[PDB]
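The chain below stands alone, shown as structure tokens; this is the form deposited in one PDB entry.
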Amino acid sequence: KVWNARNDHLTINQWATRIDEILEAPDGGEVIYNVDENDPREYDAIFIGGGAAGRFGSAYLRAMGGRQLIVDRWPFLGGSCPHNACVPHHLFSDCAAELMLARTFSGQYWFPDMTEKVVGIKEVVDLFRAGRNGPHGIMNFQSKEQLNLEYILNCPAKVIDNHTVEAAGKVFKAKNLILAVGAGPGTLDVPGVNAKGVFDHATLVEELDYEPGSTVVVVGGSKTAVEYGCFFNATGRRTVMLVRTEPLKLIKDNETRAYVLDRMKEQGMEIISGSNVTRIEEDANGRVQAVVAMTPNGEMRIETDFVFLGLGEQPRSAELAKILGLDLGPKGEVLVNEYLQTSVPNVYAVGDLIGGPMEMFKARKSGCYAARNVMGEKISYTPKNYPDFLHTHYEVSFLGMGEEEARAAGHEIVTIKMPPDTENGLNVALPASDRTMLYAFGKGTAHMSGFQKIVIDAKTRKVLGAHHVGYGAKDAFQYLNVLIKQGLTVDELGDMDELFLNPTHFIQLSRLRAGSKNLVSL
């Protein structure tokens, strides 16, 4: 039941294996108990959850000289991201981008005929399962031996009160409490929602014990939905998305959002806007069999032994806002002030638990900023004006105001974009750069070369927003955003040193546009 790992010093590999074993043990495995039982000082903070925010938070506070304790249901630190979130998601996104390639040039060059070819989903999510523990074991080993971090894994945390928490059957006290439990996968209140064939991002990497059929239904219209959507599509499975409202609302710039959509459509993806699932039919055995759903244009039935749920993630606050009596928002997000402080004192919330944006960076900063505050610091954090992205078969990166948006905000904008305005529209070997070259030179695929734009303020010449579809631009937005935040003028942008061919052709195009007396041109 309880394993005092304190003095064992397992190898990363040993960790990886031990993790697998616990993770697969039928009874839930033993409890990893790792606490320095010689230290006299009391816990400056106990992290409820050792994932993105939890882990980071703990490492940062520990580095400040404080004493911390992490508690997690899972036998490893890290959170959703490396077990069923980001990571496995990127894996599928990679395939998505590759398959769309293999399929655009089926037979041609070194590409096999994809016609009639449907890739094995299970097989790939199986690969993921086969290695995802490697990093875990590294996280565990590296946290205990190098960071001296104290934690208790594979054990649910019992927050008794404001200064006490229980785990491993013992009782703990701490000057503070920082909640980092995150959010759980969204769900649908409809009959059949539990039919064997239904899946969500998390349940997919643990329950896919069969290979899906020629058709798949994805419910949702934002990130994860589109991401996993375009991946199933890529596997050569008719994919029908049922969106409650509108897909990819996150892509504020219209043209960009449009280009993306048309690309998905073009891959055979069927996106239904304003569609609510009526119910999910089963078999005599109990597995999914077909999906019935209402759409603005009447009901419709669709046969499929596979359904993936891509609804928003739900902050796991309920039970905690009950024990501590915390304030919650309209989405169940634990309210926190500019210091990650909840209504209750000495208590902090940091993960997805505080709602959007529900990204790693927020999780890591928030969990870090909080630990800093408990150590007496008065740092305030309010995520606003940040870079973003999402996959499909392409990489969609965006930051700032979309075109339309800027006008509504009063600005008199001008816009530089690629490809350019020509009677040939998107059917040009523009824009091009790494991983879009083939699309650019292929026969009738140029319109796939990718799409990008930048919003600039005429008079004040400041960059208001950057939008790019393609590849190799994401990592750039992290840094491009910072500069934009300092006050980047089209002039200052056109003065940088580009690396042609660059995923984003903003630098050169700015230099050129900036030269004109009046920015207007488009």
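From 1 onward, residues are counted along the sequence shown. Between two forms, the rigid core is the largest collection of C-alphas that superpose within 1.5 Å.
Enquirer: Got a sec? Mean C-alpha B-factor, which is higher, 69-77 or 319-327?
Expert: Between 319-327 and 69-77, it is 319-327.
Enquirer: Select between 291-299 and 86-94 the stretch whose C-alpha atoms have the higher average B-factor in the entry.
Expert: Comparing 291-299 with 86-94, the higher average CA B-factor belongs to 291-299.
Enquirer: For the listed 178, 336, 217, 188, which has the peak Cα B-factor recorded in the PDB entry?
Expert: In the PDB entry, the greatest C-alpha B-factor among 178, 336, 217, 188 is found at 188.
Enquirer: For the C-alpha B-factor as written in the entry, point me to the maximum among 465, 26, 470, 50.
Expert: Among 465, 26, 470, 50, the PDB entry lists the largest C-alpha B-factor for 26.
Enquirer: If you rank the chain by CA B-factor, which third does residue 221 end up in: lowest, middle or highest?
Expert: CA B-factor rank for residue 221: lowest third.
Enquirer: Among the modelled residues of this chain, does the Cα B factor of residue 480 put it in the lowest, middle or highest third?
Expert: CA B-factor rank for residue 480: lowest third.
Enquirer: Should residue 488 be placed in the lowest, middle or highest third of its chain by the C-alpha B factor in the entry?
Expert: Bottom third by C-alpha B-factor.
Enquirer: Among the modelled residues of this chain, does the Cα B factor of residue 148 put it in the lowest, middle or highest third?
Expert: Ranked within chain, residue 148 CA B lands in the highest tercile.
Enquirer: Can you tell me whether residue 453 has a C-alpha B-factor in the lowest, middle or highest third compared with the other modelled residues of the same chain?
Expert: CA B-factor rank for residue 453: lowest third.
The next section is about a form of this same protein that is not shown, the form deposited in another entry.
Enquirer: Overlay on the rigid core first, then point out the one of 246, 145, 206, 299 whose CA is displaced 2 Å or more between this form and the one not shown.
Expert: After core superposition, the one over threshold is 145.
Enquirer: Could you check, with the core superposed, whether the Cα atom of residue 497 shifts 2 Å or more between this form and the one not shown?
Expert: No, the C-alpha moves less than 2 Å.
Enquirer: Align both forms on the core first, then report whether residue 14 has a C-alpha shift of 2 Å or more between this form and the one not shown.
Expert: Yes, residue 14 moves 2 Å or more.
Enquirer: Just checking, between this form and the one not shown and with the core aligned, does residue 472 shift 2 Å or more at the CA?
Expert: Comparing the forms between this form and the one not shown, which are aligned on their rigid core, residue 472 does not shift its C-alpha by 2 Å or more.
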